[PDB]
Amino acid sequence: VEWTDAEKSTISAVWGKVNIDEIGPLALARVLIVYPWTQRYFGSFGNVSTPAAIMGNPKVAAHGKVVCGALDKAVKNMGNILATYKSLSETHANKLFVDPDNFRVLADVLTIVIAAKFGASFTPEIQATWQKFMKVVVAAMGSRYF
C-alpha cells in the first residue's frame, strides 16, 4: 500500500513497545471469550469453554505468541504485505478453513489490548495509523480465499 515514512515510523514505534509474550495470549484469549464461535478451531487445545479455562490454557497462550509474532513480518515489510502473507493466507483458507471475517475481530481485539497496555500514549492519531495497517493485514490474510 502507499505508506509514508512517518507512517512506517509510527507502526515500528508501536510494535517496538509491544510485548509479544503478554499481548498475544491476551489478544487471542479475549477473542475466544468475546466471539465464542471462534473456539471451533481450537478443539485440540483442550478446554476452551470458559474465560477462566480460556485464560489459563497454555496452548492458547502459546498460540497467541505465534499469531502475534507473525505480525513482525507485516511490520517489517510495509511495502508488500500482500505478498508476505500469501502463503499464510492459503494455509488459513485451505488447511485451517478459518472464516476470514475472524481476522477482522482479531484485529479489533488486538487493538483493544494494545490500547489497554499503552494507555494515553495510544493517541487517536496513532490509532488511525495502526488501523490503516490492521486493514492491510486483514485484507492480506483473507486474500487467498477462493
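Quick note: we count residues from 1 along the sequence shown, nothing fancier.
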Comparing 18-26 with 121-129, the higher average Cα temperature factor in the PDB entry belongs to 18-26
Entry B factor averaged over C-alpha atoms, 102-110 against 48-56: higher for 48-56
From the entry's CA B-factor values, the highest among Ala116, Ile33, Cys68, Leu88 is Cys68
Chain-relative C-alpha B factor for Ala62 (record values, thirds): the middle
